[PDB]
Amino acid sequence: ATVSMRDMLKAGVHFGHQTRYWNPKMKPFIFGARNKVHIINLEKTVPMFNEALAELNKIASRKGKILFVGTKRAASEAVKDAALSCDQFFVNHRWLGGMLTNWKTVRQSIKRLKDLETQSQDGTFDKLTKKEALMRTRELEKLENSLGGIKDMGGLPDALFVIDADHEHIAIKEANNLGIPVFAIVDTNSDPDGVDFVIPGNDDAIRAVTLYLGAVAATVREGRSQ
Amino acid sequence: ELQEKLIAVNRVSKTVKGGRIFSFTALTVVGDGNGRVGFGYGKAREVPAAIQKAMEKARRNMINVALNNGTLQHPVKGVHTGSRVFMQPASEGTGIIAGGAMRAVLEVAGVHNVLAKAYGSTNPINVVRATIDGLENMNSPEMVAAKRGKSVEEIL
Amino acid sequence: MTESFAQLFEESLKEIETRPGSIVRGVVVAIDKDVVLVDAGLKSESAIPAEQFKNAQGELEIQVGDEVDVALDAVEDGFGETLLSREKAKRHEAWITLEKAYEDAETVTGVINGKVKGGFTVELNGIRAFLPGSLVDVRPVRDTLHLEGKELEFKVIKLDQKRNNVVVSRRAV
RNA sequence: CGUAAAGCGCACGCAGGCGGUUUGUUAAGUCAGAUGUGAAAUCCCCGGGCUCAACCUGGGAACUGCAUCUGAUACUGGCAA
RNA sequence: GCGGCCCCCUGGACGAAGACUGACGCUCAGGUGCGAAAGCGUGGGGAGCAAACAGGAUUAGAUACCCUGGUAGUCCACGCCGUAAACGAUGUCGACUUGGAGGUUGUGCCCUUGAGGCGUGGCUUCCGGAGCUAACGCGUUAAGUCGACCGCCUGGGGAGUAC
RNA sequence: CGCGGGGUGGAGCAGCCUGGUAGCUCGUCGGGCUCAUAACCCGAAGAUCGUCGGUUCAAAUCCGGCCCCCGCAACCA
RNA sequence: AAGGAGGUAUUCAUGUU
Ligand SMILES: [Mg+2]
Ligand SMILES: [Mg+2]
Ligand SMILES: [Mg+2]
Ligand SMILES: [Mg+2]
Ligand SMILES: [Mg+2]
Ligand SMILES: [Mg+2]
Ligand SMILES: [Mg+2]
Ligand SMILES: [Mg+2]
Ligand SMILES: [Mg+2]
Ligand SMILES: [Mg+2]
Ligand SMILES: [Mg+2]
Ligand SMILES: [Mg+2]
Ligand SMILES: [Mg+2]
Ligand SMILES: [Mg+2]
Ligand SMILES: [Mg+2]
Ligand SMILES: [Mg+2]
Ligand SMILES: [Mg+2]
Ligand SMILES: [Mg+2]
Ligand SMILES: [Mg+2]
Ligand SMILES: [Mg+2]
Ligand SMILES: [Mg+2]
Ligand SMILES: [Mg+2]
Ligand SMILES: [Mg+2]
Ligand SMILES: [Mg+2]
Ligand SMILES: [Mg+2]
C-alpha cells in the first residue's frame, strides 16, 4: 500500500536539516532552502518510496528475513512495534559493531542468552545464593535489551531497512561488505552512496517514522501472506 | 578445486618492555584457475597459524577476471604504493614470464601466457596487490561493446 | 492528482511559520518522569524538562493530548532537534499580563528585589520594575531594601517592556 | 624536485620555445603513390649440398634512409583579410 | 620588507557601468636591475643597546652562561658587498573539478519593517570530500586532472672544497 | 597365506590425485508450518577421517606398520 | 599564587558613579 503525498506533507517528510550540514550528494533530492533549512523534494520521494516498497514485497514473497535497524530514541519504540507487527526482526538499541560480519561471535552470544533465559524461567532454580541470582538476572536483562529482537533470526538477513543512514552508517557498511539490499531513509545531511534503495525523507520526526514503518510493515505483511 | 600457494613468510618484531616479541606474517594467493583469483595476508605468533589465517582470508574476498583463451585481452598497467606493473597478452606457448610474486598470482589466476615486468618497488605485498588491481581493471570485448552500445563485430 | 510539491509546500508554509522566537502551540504526545515531549509539527518533537511544565505547586497540570503554546528556539539544534521552550512563552505571556496590569491597574504582587537608577527595583516573573528613591514607599521609608528584597503588592503604572522596565509603584496598593 | 638529492632570493626582458577564433590562398612541415638509389657478404624466411651439425649455397624479404616526380589539404607553418 | 601625526612627489591593485584597439599573448638561456642582517670605504653623529676588551663572580677548570663597565657597530649622507631556514623548504601562466566556517575590501537588488534579507566580485585564515601521496599530509590559494616555457637532481663523505 | 581394492558424524554418499579449505542426502531434536499427522521452511546436535606410527611450517590427503572388510587365490571326500 | 562561574562575549536605558 502506497502513501499519499498530502499525508507525507502532514507527517513532515519535506523538512530537512540546516543548509550548513547538508551533504552535496543529497543535492539532487532537494527542492529549496527556507530560512536556512533544506526542503526535500517529495516529487522524487514518492516514486522512490513505492519502488522500495515493491522490492520489499518481492523479498517478503520470497520469504526473506527483513531486519529493521533504528537506534534513534524517537524511532526505537516504533521500529520494535513495526517489526513485531510484521513478525520480523529489529535492532532498537545500539547496533553492535560487527553484528553481521562477526556473526560467529553474535551466534555464541545468542546461545548464551537462550541458555540464561531458559534456566531462569523454565529451569526456575530460584535459590542462587542471592548475589548470583541478581547477577544472572541482570545479565539476562542486558542480553534481552541488546539482542532480543534478532534472537530468532538464525542466519543473516536478506534485507536491511535502516532509519537515518547517517546515524546507522556502520550497519550499512557491514551490509555492503557482505552483500545485502539496503533500504535506508536518508536526510539531507546523510550520504546516499552506500544505500541501494534511497528514500529521501526526514528520519527525525516520529510522525514520519511511524508513516514509513506503517507502509513498509503493510507491504511485507502482504508479501508474506501472499 | 582451488589451487593455492604461499608467496612469502616474514618475521616481524614488537619490542615490548620485557624484550622483543617475534611473530610471522604469511602472504598467500588462491585461485580457481578458471579466472577467479584472491590474495590473503595473515599474522600469528607461529608460522602454521599465520599461513592458515592467510589461506582463510585469501579464500574470502576473491575477484573474477575476464580471461581470453588463458591469457590477457590487452596490455594493462597497474600501480600501488611502490609497485608499478605492466602486463602484456603474449601468444600461446610462450608461458608465463613474470617475476616472483606476479608469477604466483598469475599462475593461480589461470593465465598461461603473459609478458610482465615489475617496475618501481618489488615488495611482494604491494606487487601482488598492484597485479590484482591491474587484472581487475581489464575489460573484455563484450564489456566494451556493451558499454559503448555496439556489437562485437563493430569493435573487432 | 499531480498537485506539485512546490504548490503543496506553499500551503504548508502558509499554515506554520518557522521564524525563531515566535510561539506556536503543540500537542503533548507523552510525558516521562522528568521530560515532556511536544509535537508542534516541525522537523521533530521537542523534549522540555518537566520542571518547566511543573506548575507553581510542583504538580503537572499538563497531561497527554493537552495543548500548550511553546516559543520556537530554532528549527534544528544541529542534531535534528526542534528546540522549543515553553517558559519563554510563559515569559511572553507574563509581559503581556504585565502590560495589561499596567494598563488596568489592578492588584498584583512580585518580589521587589533590586536597585533601579531612581531608587529600588522590582522583579516579578518577567517584570523588571522600579520603585524610585523618594517613591520606594509613600512615607520617608528606608524600605528600599523592602523594595529590594521583599515582595511589592501594588499595581503598575508606567512600563517599557521592550526596555525591560516597569513601575512597581508605591501606589494605592 | 613541500619533508628523502633536486624551484634560481625576487623581478624585467633580448635571442629562443609555444600560439584564442573565422574565411581565402600557398603546399614548406605532414600523408599517399611512383621512379632512382640504398654494393656484395652478414641478420631473417622458404629451399638445396656436405652421413648430421657447424659450414657452404639458390631465391626472396629486409636495408627503418636519401633524392626526384605526381597527387591529398585535416592539422602545423607562411601570406591576405 | 613596511607601523606616531602632517604636507609635497610617486608606483601598483580592486569594483561599477559602458566605450575603444583587435592576439598587440605566455615563458625565458645569456643580460640588466632590486635584494634582511652582519661587513668594507669616505665624512658626520652618538642618548640607549652592545661583539671585542677590562674587572667581579661561578666552576675541578669557565678563554662561557651570571654581574658591573665598555670600543667598533647599531643612526645619517654617498659608494661597495650581494649572501640568509632570502621558507609556503611548494618556479611562472592558463583551463577544469563536491563543500563548510570565518576575515578583509568593493558593489547590485529586497519594505534599510532599526543594528537587517538576498546576490555578485577581489584578496586572505582554518576544517574537510573525491583524487593524489612512501607516509606525513595537500585538498578550487592543490601536493587533484591537464597544457606552454624555464631552473635543478643522479648514493654518503671528500665538497659547495681544490685548480 | 598369494594378489588387488576399501575403511570419512548413526546409515548412504563427496572430499584423496594437486598438502592447508571436513561437504551432500537420509535419519535425530527444537521451532515455524498443519487442527494434528504428513508434507514444507528455518535453525540446532552428531566423524576425528579404522587404528599405530613416519614425513613436513602444517596430513582425511603423502609413506609405512597393524587391524579389520571386500574381491580375486589354487585344496577337499 | 590558589578556587568558583560565564563565554569565545558581549547587548544588558542613560544617569548615577
Ligand atoms: Mg628501486
Ligand atoms: Mg634534511
Ligand atoms: Mg631536501
Ligand atoms: Mg621561491
Ligand atoms: Mg592556431
Ligand atoms: Mg611563431
Ligand atoms: Mg610538401
Ligand atoms: Mg646488401
Ligand atoms: Mg640437409
Ligand atoms: Mg643466402
Ligand atoms: Mg594550411
Ligand atoms: Mg593556416
Ligand atoms: Mg639568468
Ligand atoms: Mg648594515
Ligand atoms: Mg660605516
Ligand atoms: Mg666613521
Ligand atoms: Mg655584558
Ligand atoms: Mg651595558
Ligand atoms: Mg643560496
Ligand atoms: Mg624572511
Ligand atoms: Mg631553496
Ligand atoms: Mg617573467
Ligand atoms: Mg585541509
Ligand atoms: Mg668557494
Ligand atoms: Mg657559505
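Note that these values count all heavy atoms, side chains included, but never hydrogens, waters or copies made by symmetry. Order of the sequence lines fixes the chain letters, A, B, ..., with proteins taken first and strands second; residue numbering starts at 1 for each chain.
Comparing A16(E) with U25(D), their P atoms sit 44 Å apart, to the nearest whole Å. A86(E) and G7(D) have their P atoms separated by 14 Å, with the value rounded to a whole Å. When the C1' atom is used for both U74(E) and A38(E), the distance is 11 Å, rounded to whole Å. The separation of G119(E) from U22(D), taken at their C1' atoms, amounts to 37 Å, rounded to a whole angstrom. Spacing of P atoms, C9(E) relative to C78(E), comes out at 22 Å, to the nearest Å. Of the P atoms belonging to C150(E) and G102(E), the separation is 46 Å, rounded to the nearest Å. Of the P atoms belonging to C52(F) and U61(F), the separation is 13 Å, rounded to the nearest Å. Comparing the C1' positions of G56(E) and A62(E) gives an interatomic distance of 14 Å, to the nearest angstrom.
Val91(A) places a side-chain heavy atom less than 4.5 Å from the side chain of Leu67(A). Taking the side chain as every heavy atom from C-beta outward, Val37(A) and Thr18(C) never approach each other to under 4.5 Å.
Regarding nucleotide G46(F), the torsion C1'-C2'-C3'-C4' is greater than zero, so its sugar is described as north. In this entry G7(D) carries a south-puckered sugar, per its negative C1'-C2'-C3'-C4' angle. For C93(E), the ring torsion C1'-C2'-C3'-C4' comes out positive, which puts the sugar in the north group. A negative value of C1'-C2'-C3'-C4' puts the sugar of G160(E) in the south, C2'-endo-like family. Sugar conformation at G22(E) is south: the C1'-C2'-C3'-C4' dihedral has a negative sign, consistent with the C2'-endo side.
Between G119(E) and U107(E), both key atom distances fall under 3.5 Å, giving a Watson-Crick or G-U wobble pair. With both distances under 3.5 Å, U74(E) pairs with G48(E) in Watson-Crick or G-U wobble fashion. Nucleotides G69(E) and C53(E) meet the pairing criterion: a Watson-Crick or G-U wobble pair with both donor-acceptor distances under 3.5 Å. Residues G73(E) and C49(E) show canonical Watson-Crick or G-U wobble pairing, with both defining distances under 3.5 Å. A Watson-Crick or G-U wobble pair does not link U154(E) to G64(F) when both relevant atom distances must lie under 3.5 Å. No Watson-Crick or G-U wobble pair links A142(E) with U98(E) when both atom distances must be under 3.5 Å. Taking 3.5 Å as the upper bound for both contacts, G106(E) does not pair with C87(E) in Watson-Crick or G-U wobble fashion. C44(D) and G60(D) are base-paired: they meet the Watson-Crick or G-U wobble geometry, with both hydrogen-bonding distances under 3.5 Å. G10(F) and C26(F) are base-paired, meeting the Watson-Crick or G-U wobble geometry with both donor-acceptor distances under 3.5 Å. Between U37(D) and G9(D), neither a Watson-Crick nor a G-U wobble pair is formed under the 3.5 Å criterion for both distances.
Within 4.0 Å (heavy atoms only), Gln3(B) reaches no atom of the nucleic acid at all. Using a 4.0 Å heavy-atom distance criterion, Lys111(A) is classed as a sugar-phosphate-only contact. Contact annotation for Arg59(B): base contact, defined as any heavy-atom pair under 4.0 Å involving a base atom. Residue contacts for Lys53(B): at a heavy-atom cut-off of 4.0 Å it reaches no nucleic acid atom on any strand shown.
Under the 6.0 Å distance and 45° angle rule, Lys117(B) counts as a cation-pi partner of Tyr119(B).
Under the Watson-Crick and G-U wobble criteria, each requiring two contacts below 3.5 Å, nucleotide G41(E) is paired to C78(E). Judged by Watson-Crick or G-U wobble contacts below 3.5 Å, the nucleotide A32(D) has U70(D) as its partner. Nucleotide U55(F): unpaired (no Watson-Crick or G-U wobble partner with both distances less than 3.5 Å). Both distances falling under 3.5 Å, in either a Watson-Crick or a G-U wobble arrangement, occur for no nucleotide opposite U64(D). Checking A57(E) for Watson-Crick or G-U wobble geometry (two distances, each under 3.5 Å) identifies no partner in any strand. A 3.5 Å limit on both hydrogen-bonding distances identifies no Watson-Crick or G-U partner for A29(E). Using the Watson-Crick or G-U wobble rule with both distances under 3.5 Å, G116(E) pairs with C110(E).
Following rounding to the nearest Å, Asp122(A) (CG) and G30(F) (P) show an atom-to-atom distance of 14 Å. One interatomic measurement links the two molecules: NE2 of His38(A) to P of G99(E), which rounds to 11 Å at whole-angstrom precision. Rounding to whole angstrom units, CG of residue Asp158(A) and P of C41(F) are separated by 15 Å. Rounded to an integer number of Å, the gap from CD of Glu4(B) to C1' of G19(F) is 9 Å. Whole-Å rounding puts the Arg107(A) CZ to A44(F) P distance at 6 Å. Atom P of nucleotide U21(F) and atom CZ of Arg60(B) are separated by 14 Å, given to the nearest angstrom. Atom pair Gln226(A):CD and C33(F):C1' shows a separation of 13 Å (rounding to whole Å applied). Distance, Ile150(A) CD1 to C42(F) P: 19 Å, rounded to whole Å.
Around atom CD of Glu51(C), more than 12 heavy atoms belonging to other residues, nucleotides or ligands sit under 6.0 Å away. Within 6.0 Å of atom NZ in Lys14(C), more than 12 heavy atoms from other residues, nucleotides or ligands are found, so the atom counts as buried in its surroundings. For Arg59(B), the CZ atom is densely surrounded, since the number of other residues' heavy atoms within 6.0 Å is greater than 12. More than 12 heavy-atom neighbours from other residues, nucleotides or ligands sit within 6.0 angstrom of NZ on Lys5(B).
Between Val111(B) and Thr71(B) the shortest heavy-atom distance is CG1-CA, 3.7 Å.
Test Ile96(B), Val37(B), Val65(B) against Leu106(B) for side chain to side chain contact (heavy atoms under 4.5 Å, CB included) and you get one pass: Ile96(B).
Listed nucleotides: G20(F), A101(E), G99(E). Nearest to the side chain of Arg20(A): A101(E). Listed nucleotides: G20(F), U21(F), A101(E). Nearest to the side chain of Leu2(B): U21(F).
Base orientation of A53(D): anti, since the glycosidic angle falls outside 90° of 0. In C31(D) the base sits anti relative to the sugar, since the glycosidic angle is further than 90° from 0. Annotated as anti: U30(D), whose glycosidic dihedral deviates from 0 by more than 90°.
By the 4.0 Å N-to-carboxylate-O rule, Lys25(A) lies too far from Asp191(A) to be salt-bridged with it.
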field: Summary of protein contacts for nucleotides 127-133 of chain E, nucleotide by nucleotide, where a base hit scores B, a sugar-phosphate-only hit scores S (4.0 Å, heavy atoms)
entry: -------
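Ring planes of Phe31(A) and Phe5(C): perpendicular class, angle over 60° (limits at 30 and 60°).
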- prompt: Going through the checks in order, is the side-chain contact (heavy atoms from CB on, under 4.5 Å) test met by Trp103(A) and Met153(A)?
  reply: CA-CA 11 Å; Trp103(A) 180 248; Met153(A) 192 164 60; 3.9 Å; yes
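When the rule of centres under 5.5 Å and planes under 30° is applied to the neighbouring bases of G82(E) and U83(E), their six-membered rings do not qualify as stacked.
Between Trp22(A) and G99(E), a side-chain N or O to OP1/OP2 separation shorter than 4.0 Å is absent.
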